[PDB]
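In the text below, chain A, chain B and the rest are named by the order of the sequence lines, each starting its count at 1. As a basis for the values below, the full set of heavy atoms in this structure was taken, side chains included, without hydrogen atoms, waters or symmetry mates.
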Amino acid sequence: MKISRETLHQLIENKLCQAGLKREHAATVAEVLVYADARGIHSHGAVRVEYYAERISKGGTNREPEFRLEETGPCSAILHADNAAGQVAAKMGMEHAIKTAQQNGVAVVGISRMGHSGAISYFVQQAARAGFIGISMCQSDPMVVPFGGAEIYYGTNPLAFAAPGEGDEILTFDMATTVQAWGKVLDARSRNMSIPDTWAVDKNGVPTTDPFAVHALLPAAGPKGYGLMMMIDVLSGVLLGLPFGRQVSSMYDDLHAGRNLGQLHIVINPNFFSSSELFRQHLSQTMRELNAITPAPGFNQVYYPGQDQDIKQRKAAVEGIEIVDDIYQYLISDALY
Amino acid sequence: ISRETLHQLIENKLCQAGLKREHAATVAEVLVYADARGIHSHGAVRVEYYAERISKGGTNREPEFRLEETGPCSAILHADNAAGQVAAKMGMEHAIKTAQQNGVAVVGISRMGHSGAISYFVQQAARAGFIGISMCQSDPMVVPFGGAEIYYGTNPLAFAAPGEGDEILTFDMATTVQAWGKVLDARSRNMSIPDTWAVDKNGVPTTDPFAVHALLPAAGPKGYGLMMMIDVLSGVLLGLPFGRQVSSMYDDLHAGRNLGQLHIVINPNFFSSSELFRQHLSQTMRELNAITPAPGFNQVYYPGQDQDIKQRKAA
């Protein structure tokens, strides 16, 4: 299937407002989801709306959250999110991060107790359009073995980064700290496809090619992805006084209960270090020079990080967002779950 | 051979090579730290390279340090191409001081030599009760994912956080699969190398270390984005040479390296209870080490644990 950005937004906003979210909250949630789809990050796209709807109606996601922005220092704050939708809480936090970095050069803001926030690179792009460097990270559903391990501990804790170049240019990098996303496993379950042995592991911690055998995911680059997801958990969970590692709520544990997730934003105003105009020129030069690199045999081109997603996002404004078929059929009707 | 022994030795040699005693001790300290943890890539195998560079003026023996505070939580240490160990340590001290008072600190080290095992600097912060993050630019040596030309270096990243009592969690990683000192190592071994480490002039993975032109990024585009990020944060942000422009170790022992490093320090009290934080950090380390190992493994380590142990028993 294929529809435009604006229609898909409308549909998602409708389905979510119908579940019981306020109008503007559903708009924000929708905004973050279509962003993901437009960039080809479909696991954080419209596919999640049905799940979101059920949790909203059962009161797992708060539809009347009492936000409280606690400012703890000149460059630090916690947004107590009262288990609001994650897309909403995270963006609000980023907006406070932005104005703080604007005034005082740097900002570190935790988002305390929120639902799933979607593709977190949305929030760092926010910092970048304001002319700042953005870094963001959050906890996730426990699904990954430690390096050398056979029991679940951390989630697929994502990390994203963005910085501005000249004009509208933005360099956006995001990464999962696992080899692959859980959805790719359920999709090969939904195929009787057999998966690569580098993705995942059975209940004994032995890597497997049987998606039905899969109990947990492997961390990217062994101990490295392991350390990175540890760091993200410490920074967006332990730092905020939230449940951590093993303790983090799983997706389908209790649809009537808040996730209590944590997210951390870090924003840096380049003006507080050197010329922001030269910074932006150097970002734009980086992107050009990397894209001009002689590709290895096999490769058509070298991308600068996130470039392929930027290209997809741009091809999407012209041609429309690609979307797996039935999600569309769900979106129009009157049924939530 | 004791710890105060190599230190006093290296302190001596480097002070002979040109450095202030205060500077020689600090460089010694950091080289001493690294060997203990089995980070031989940065241990005292490097004293003579350093000594040469010091004597030849390619490291500033009389740096005009300038700490410019740019905001309540930001600063640049203008390092005048001083030894990186000295510069990085100094900026960390200011970053710790700043986080302690205002809760957060982002401090750039502008124009310094190689700083060594950068995990040393985040441990400083953790010892002070804070979270520490550090990262820096490196000698260009790595192809971009899909690339046949060099752009970024093995730009490392480090992170430490305090536990209960004297426990510290310390994690560091190179953004490449392997370091250059296993490639030159494999030529003196004369020994084939895994095809995961490096490529030839055409960017084709190679088993022949004499045919290595460039290293590969860890996890392809992921380590690639990470070394980019580190370059932007520790170089572009500071208005320093970046990417391909970054200087190499061996180009010119008379020339300042002009590297950058970035420190980020966070005071847990500005977010939650430090007591609970440290308790939970210690819990994490315990729980992870107690996880059932996968076959092939004798244990699960919390990140850095094996090095933490080495610098107990090497002492």
Side-chain angles (χ1 to χ4, degrees), chain A residues 72-76 78 104-106 108 110 133 145-146 148-151 153 161 163 173 175 201 204-206 220-221 223-227 230-231 234-235 238-241 244-246 266 268 270 272-275 278-279 282-283 286 289-290 293-297 299 301-303 305-306, chain B residues 70-74 76 102-104 106 108 131 143-149 151 159 161 171 173 199 202-204 218-219 221-225 228-229 232-233 236-239 242-244 264 266 268 270-273 276-277 280-281 284 287-288 291-295 297 299-301 303:
Chain A
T72 56
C75 298
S76 51
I78 302 127
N104 300 327
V106 157
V108 176
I133 299 171
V145 295
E151 302 179 78
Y153 200 91
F161 168 91
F173 169 59
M175 63 163 284
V201 115
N204 294 318
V206 192
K224 288 174 179 171
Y226 177 32
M230 177 279 295
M231 172 176 142
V234 172
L235 283 174
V238 181
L239 177 53
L240 302 194
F244 61 94
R246 231 184 244 148
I266 291 172
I268 293 179
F272 274 71
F273 294 81
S274 63
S275 158
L278 284 170
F279 178 95
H282 297 151
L283 260 282
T286 289
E289 292 178 341
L290 289 174
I293 298 283
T294 296
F299 292 91
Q301 80 299 288
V302 170
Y303 295 120
Chain B
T70 70
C73 293
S74 50
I76 295 192
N102 296 331
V104 142
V106 182
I131 298 169
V143 292
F145 180 62
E149 304 170 277
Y151 200 81
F159 170 81
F171 165 68
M173 52 166 278
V199 298
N202 296 290
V204 178
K222 289 184 193 182
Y224 173 33
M228 175 276 305
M229 181 180 82
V232 169
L233 294 168
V236 185
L237 180 57
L238 302 188
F242 65 95
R244 266 197 304 250
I264 295 157
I266 296 166
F270 282 64
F271 297 87
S272 57
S273 151
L276 279 174
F277 184 92
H280 294 155
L281 249 298
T284 294
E287 292 177 345
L288 284 169
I291 287 210
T292 296
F297 298 86
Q299 76 283 283
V300 173
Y301 289 115

Checklist line | Closest contact, heavy atoms only, B:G225 versus A:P305 | finding: CA-CG, 3.8 Å
Check: Are any side-chain N or O atoms of A:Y226 and backbone N or O atoms of A:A221, one a donor and one an acceptor, separated by less than 3.5 Å?
Finding: no
For [X], which atoms come within 4.5 Å of any heavy atom of chain A: side chain, backbone, both, or neither?
{"X": "B:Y151", "answer": "side chain"}
{"X": "B:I291", "answer": "both"}
{"X": "B:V106", "answer": "both"}
{"X": "B:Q299", "answer": "backbone"}
{"X": "B:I76", "answer": "side chain"}
{"X": "B:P221", "answer": "backbone"}
{"X": "B:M229", "answer": "both"}
{"X": "B:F242", "answer": "side chain"}

Nearest 0.5 Å, please: how far is [atom2] in [Y] from [atom1] in [X]?
{"X": "B:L233", "Y": "A:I268", "atom1": "CG", "atom2": "CD1", "value": "5.5 Å"}
{"X": "A:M230", "Y": "B:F159", "atom1": "CE", "atom2": "CZ", "value": "5.5 Å"}
{"X": "A:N104", "Y": "A:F272", "atom1": "CG", "atom2": "CZ", "value": "6.0 Å"}

Report the option among [options] that has the most heavy-atom pairs separated by less than 4.5 Å from atoms of chain B.
{"options": "A:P295, A:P270, A:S275", "result": "A:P295"}
{"options": "A:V234, A:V206, A:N204", "result": "A:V234"}
{"options": "A:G110, A:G105, A:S76", "result": "A:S76"}
{"options": "A:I266, A:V238, A:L239, A:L278", "result": "A:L239"}
{"options": "A:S274, A:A163, A:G148", "result": "A:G148"}
{"options": "A:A220, A:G245, A:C75", "result": "A:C75"}

Checklist line | Largest heavy-atom contact set with chain A, pairs under 4.5 Å, which of B:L281, B:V199, B:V143 | finding: B:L281
Notebook entry, point to check: Top residue by heavy-atom pair count (under 4.5 Å) with chain A, among B:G239, B:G71, B:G147?
Noted result: B:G147
Check: Taking only residues two or more places apart in sequence, or in another chain, which ones meet A:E151 in a salt bridge (charged side-chain N to carboxylate O under 4.0 Å, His left out)?
Finding: none
Checklist line | Partners passing ring-ring contact (aromatic ring centres under 6.0 Å, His included) against B:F145 (at least two apart in sequence or in another chain) | finding: A:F299
Next item on the list: With a 4.5 angstrom heavy-atom cut-off, could you sort out which part of A:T286 is near chain B: side chain, backbone, both or neither?
Entry: both
Item checked: Contact origin within A:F273 toward chain B - heavy atom pairs under 4.5 Å -> both
